[PDB]
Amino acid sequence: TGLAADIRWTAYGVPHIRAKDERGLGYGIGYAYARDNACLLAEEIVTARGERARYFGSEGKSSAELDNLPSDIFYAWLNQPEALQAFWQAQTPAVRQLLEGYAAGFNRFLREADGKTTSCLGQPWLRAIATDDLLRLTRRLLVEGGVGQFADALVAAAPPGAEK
């Protein structure tokens, strides 16, 4: 509540979001984004939640071309509840509000969607999102120049046995 946004779209579906505060601004963003890209965000959130294998099985890959199970192990490791909570606790009020509105706006579109611009309507992985999911995505992007590039390597890291 206390969530309101004015959205204008110009040519090519470019949104222009006006709001009186960060919560409302986020509300407008998440709504406009969902209209164009609900399925993409749902997929990437599944990845960043380490749930690809749950929905799609061990064959097949994330959009970053990692096998589902190794990708999941990496994101489960990266996005542990303690890591997300610490990240959240360190966020300014304005950022918390941006994210709170985004999630609410995205979820609003999901409640209303009739398939007009959403191809994955009805899929079990197309679900309401939380601010934590947005933190999952942020942290996934955060490590793209670091441990993210070593996701497979981290998964493969196991101690030696008896070998010569």
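Residue indices: 1-based, along the sequence shown.
Per the PDB entry, which option out of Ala42, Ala32, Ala113, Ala103 has the greatest Cα B factor?
Highest C-alpha B-factor among the listed residues goes to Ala113.
Exercise for the section: Divide the modelled residues of the chain into thirds by Cα B-factor and specify which third, lowest, middle or highest, holds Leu135. Expected result: For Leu135, the deposited C-alpha B-factor lands in the lowest third.
Which third, lowest, middle or highest, does the C-alpha temperature factor of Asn79 belong to within its own chain?
Lowest third of the chain for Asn79's C-alpha B-factor.
Relative to the other modelled residues in the chain, which third contains the C-alpha temperature factor of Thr47: lowest, middle or highest?
Answer is lowest: the recorded C-alpha B-factor places it there.
Report task. Quick one: classify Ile73 as lowest, middle or highest third of the chain based on its Cα B-factor. Result -> Its C-alpha B-factor belongs to the lowest third of this chain's values.
With respect to C-alpha B-factor, does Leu126 fall in the lowest, middle or highest third of the chain as deposited?
-> Top third by C-alpha B-factor.
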